[PDB]
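See structure below.
Heavy-atom basis, side chains included; hydrogens, waters and symmetry copies ignored. The sequence lines fix the lettering, A, B, ..., with proteins before strands; numbering per chain opens at 1.
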Amino acid sequence: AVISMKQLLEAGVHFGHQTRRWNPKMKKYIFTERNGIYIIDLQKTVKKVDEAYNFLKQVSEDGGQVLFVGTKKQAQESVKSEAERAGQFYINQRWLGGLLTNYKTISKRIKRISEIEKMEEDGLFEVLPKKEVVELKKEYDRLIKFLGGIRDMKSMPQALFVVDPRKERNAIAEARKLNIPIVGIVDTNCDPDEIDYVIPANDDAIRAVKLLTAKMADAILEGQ
RNA sequence: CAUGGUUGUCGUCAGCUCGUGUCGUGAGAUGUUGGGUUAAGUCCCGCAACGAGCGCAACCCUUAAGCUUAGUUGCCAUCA
């Protein structure tokens, strides 16, 4: 559950953002400033972390899944790797506006993937007009790009893991509309009230994203 | 100038809309905007939009060249 402090300042977790870009609601979680950068208090960080850790093992033991998001490029592979580690579902590309609120139309497109995998094996990708061969292939690749990691999600996820709340604000709006708890990693200049389980950690360092989402992946691993 | 049916017209112009979702107290908006491109909301990239339908293509006829079948009532090369 707890992460050693040195594992954080080695991962750049203490790093925040410039004083220029600062949300004054982070003043509770900020510990002084270095080189004009608001250094996050690692103690507070760890504390908050080991509390979304117990909530997440609760979700995995109940049977719920966590929708990993983090379309940000620095979080892209970190989200993908640790979600499949836990058998959860991840988002790595453009968050489809209304994939949770408008699941009615998204459900057909999600099942379109498994449907598109079907015509290949039932033989109508073998008999096809020349342009339709690539046309239906193009429809596949678009869908794999977005609904690649959530193709097995059937209903609304019982939990959602946001890497950067400010970046993927479109996902948080859907979650709050359907009462979906969010575990989020806030660096600075982010709203700590738009999410419920707050991780005060750096959001740009490549290893910092990996280290915290792995512990959150460890949370599910100790629940299933 | 009660109408069915049929027709011109803008104009073969490329637009016209819908479902679910989202924003807006509301009329309304989005998608149908932006970066390019096309004869074409034609197509791509992105984007609170995700998908559709009537539209535009294509599909259908004729034409332009070729190959099989066919030899009359078509044709006339090898020959009289």
Side-chain angles (χ1 to χ4, degrees), chain A residues 17 21 23 25 64-81 83-84 88-198 203-204 206 209 213:
Chain A
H17 275 135
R21 331 306 299 273
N23 184 35
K25 302 148 101 146
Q65 296 83 359
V66 178
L67 180 35
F68 283 78
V69 292
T71 307
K72 181 192 182 68
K73 289 180 180 177
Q74 312 277 289
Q76 197 176 339
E77 83 303 328
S78 309
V79 164
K80 195 183 176 181
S81 49
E84 298 308 288
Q88 308 310 35
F89 315 92
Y90 66 89
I91 285 269
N92 270 203
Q93 299 307 304
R94 173 218 219 246
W95 172 265
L96 291 191
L99 66 101
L100 300 179
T101 56
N102 192 12
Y103 178 66
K104 185 197 177 71
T105 321
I106 300 288
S107 57
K108 320 149 170 171
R109 296 297 289 189
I110 284 171
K111 296 175 180 179
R112 184 58 188 188
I113 276 79
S114 286
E115 202 178 1
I116 293 202
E117 203 176 2
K118 177 53 91 48
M119 323 72 76
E120 279 130 36
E121 280 42 69
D122 56 41
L124 263 306
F125 222 137
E126 285 59 16
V127 300
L128 219 42
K130 291 180 176 180
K131 300 296 176 51
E132 200 180 356
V133 184
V134 186
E135 193 50 56
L136 300 177
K137 196 185 177 182
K138 280 172 181 174
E139 298 184 355
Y140 202 19
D141 292 23
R142 302 185 60 192
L143 293 171
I144 300 167
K145 201 208 170 203
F146 309 119
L147 318 151
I150 59 160
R151 50 182 54 189
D152 285 346
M153 203 48 281
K154 315 300 186 222
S155 67
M156 260 75 261
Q158 309 295 109
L160 203 139
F161 184 73
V162 157
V163 166
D164 201 312
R166 181 177 66 85
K167 296 301 182 183
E168 200 171 356
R169 260 173 318 94
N170 226 33
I172 298 171
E174 303 184 4
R176 287 227 59 91
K177 199 129 68 209
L178 318 154
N179 264 253
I180 306 202
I182 302 168
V183 178
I185 318 185
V186 292
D187 187 11
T188 325
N189 211 30
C190 292
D191 199 62
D193 286 347
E194 90 189 291
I195 58 175
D196 311 312
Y197 303 96
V198 165
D203 274 328
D204 314 82
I206 330 168
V209 186
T213 193

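Atom CD in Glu139(A) sits roughly 14 Å away from atom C1' in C43(B) (whole-Å rounding). As a whole-Å value, the separation of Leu100(A) CG from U20(B) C1' is 14 Å. In this entry the distance linking CG of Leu99(A) with P of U20(B) reads 19 Å, nearest Å. Rounding to whole angstrom units, NZ of residue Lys177(A) and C1' of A48(B) are separated by 9 Å.
The side chain of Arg94(A) places an N or O atom within less than 4.0 Å of a non-bridging phosphate oxygen (OP1 or OP2) of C47(B). Listed pair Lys145(A) / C45(B) fails the phosphate criterion, with no side-chain N or O lying under 4.0 Å from OP1 or OP2.
No Watson-Crick or G-U wobble pair links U73(B) with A48(B) when both atom distances must be under 3.5 Å. Between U9(B) and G55(B), neither a Watson-Crick nor a G-U wobble pair is formed under the 3.5 Å criterion for both distances. Taken together, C23(B) and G28(B) constitute a Watson-Crick or G-U wobble pair, since both relevant N/O distances lie under 3.5 Å. Entry note: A29(B) and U22(B) meet the pairing test, Watson-Crick or G-U wobble at under 3.5 angstrom for both distances. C50(B) and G19(B) are base-paired: they meet the Watson-Crick or G-U wobble geometry, with both hydrogen-bonding distances under 3.5 Å.
One cannot find a donor-acceptor pair under 3.5 Å joining the base of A49(B) and the side-chain atoms of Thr105(A).
Look at the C1' atom in both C43(B) and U38(B): the space between them is 8 Å, to the nearest Å.
Its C1'-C2'-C3'-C4' torsion being positive, the sugar of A64(B) is assigned to the north family. Sugar conformation at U42(B) is north: the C1'-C2'-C3'-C4' dihedral has a positive sign, consistent with the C3'-endo side. A positive value of the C1'-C2'-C3'-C4' torsion places the sugar of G24(B) in the north (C3'-endo) family. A39(B): sugar pucker north (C1'-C2'-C3'-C4' torsion positive). Sugar conformation at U22(B) is north: the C1'-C2'-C3'-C4' dihedral has a positive sign, consistent with the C3'-endo side.
Shortest non-hydrogen contact noted between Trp95(A) and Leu100(A) is CH2-CD1, 3.9 Å. Nearest heavy-atom pair, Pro192(A) versus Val198(A), reported as atom, atom and distance to 0.1 Å: O-CG2, 3.8 Å. Nearest heavy atoms, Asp187(A) versus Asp203(A): N-OD2, 3.0 Å.
The listed nucleotides are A49(B), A48(B), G51(B); the one nearest the side chain of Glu174(A) is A48(B).
No engagement by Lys111(A) is indicated, since no non-hydrogen atom pair under 4.0 Å with the nucleic acid exists.
Sequence order on RNA chain B of the closest nucleotides to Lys104(A) and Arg109(A) puts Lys104(A) first from the 5' end.
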